[PDB]
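To start, the structure itself, in structure tokens.
Heads up, the Cβs are rebuilt from the backbone with ideal geometry, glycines too, and the neighbour counts pull from every protein chain shown. Nothing in this text is a laboratory measurement; each read-out follows from the coordinates by a stated rule.
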Amino acid sequence: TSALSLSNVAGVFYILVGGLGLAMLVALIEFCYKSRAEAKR
Amino acid sequence: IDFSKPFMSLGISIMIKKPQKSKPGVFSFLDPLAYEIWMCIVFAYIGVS
Ligand SMILES: *C(=O)CCCCCCCCCCCCCCC
């Protein structure tokens, strides 16, 4: 029984970054859409 | 010099002390997780913010 190692949880940290990455995409896609559609008016 | 046949056997050996341990640390509450799992709970917290 040693200290829990990063590898043991190295997977949760990926889903976190991946989620953060998806988050920014979802946001900027709405922005892009909301941006052109506004100028097009 | 002369020697009799041996009266006792032996070999070279290693003696070590028994660190009594039983000496917890002040910040021993951080042992469950390794050091890198705290340097990265603090980099994930800045990220997610
Ligand atoms: C309008 O449609 C433009 C959208 C631009 C989106 C750019 C990508 C979004 C963020 C991705 C972040 C990835 C972080 C991880 C890299 C290893």
Tell me whether the stretch B:27-45 contains one or more residues that are over 30 Å from A:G21 (Cα atoms), assigned to a loop (DSSP other than H, G, I, E, B) and not acidic (D, E). yes
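Could you check how many residues of chain A are among the hydrophobic types (A, V, I, L, M, F, W, C), more than 13 Å from the ligand (Cβ to nearest atom) and either closer than 23 Å to B:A34 by Cβ or within 9 Å of chain B (Cβ to nearest Cβ) (or both)? Before the answer, list the steps.
Step one: of chain A, the residues among the hydrophobic types (A, V, I, L, M, F, W, C) are A:3-4, A:6, A:9-10, A:12-13, A:15-17, A:20, A:22-29, A:31-32, A:37, A:39.
Now narrow it down to the ones that are more than 13 Å from the ligand (Cβ to nearest atom): A:3-4, A:6, A:9-10, A:12, A:39.
Next cut, either closer than 23 Å to B:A34 by Cβ or within 9 Å of chain B (Cβ to nearest Cβ) (or both) only: A:3-4, A:6, A:9-10, A:12.
Of the residues in that region, 6 qualify.
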Among what's in the stretch B:1-41 and is surrounded by 10 or more Cβ atoms within 10 Å (Cβ to Cβ) and of a type in the set (D, E, K, R), pick the residue that is nearest to A:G11 (Cα to Cα). B:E36
For a quick check of your reading of the model, give me the residue pairs whose first member lies in the stretch B:25-41 and is free of Cβ contacts under 8 Å to residues at least 60 places away in the same chain and at the interface with another protein chain (Cβ under 7 Å from one of its Cβ atoms), whose second is exposed (fewer than 10 other Cβ atoms within 10 Å of the Cβ) and of a type in the set (A, V, I, L, M), with beta-carbon atoms closer than 8 Å and at least 6 apart or on different chains. none
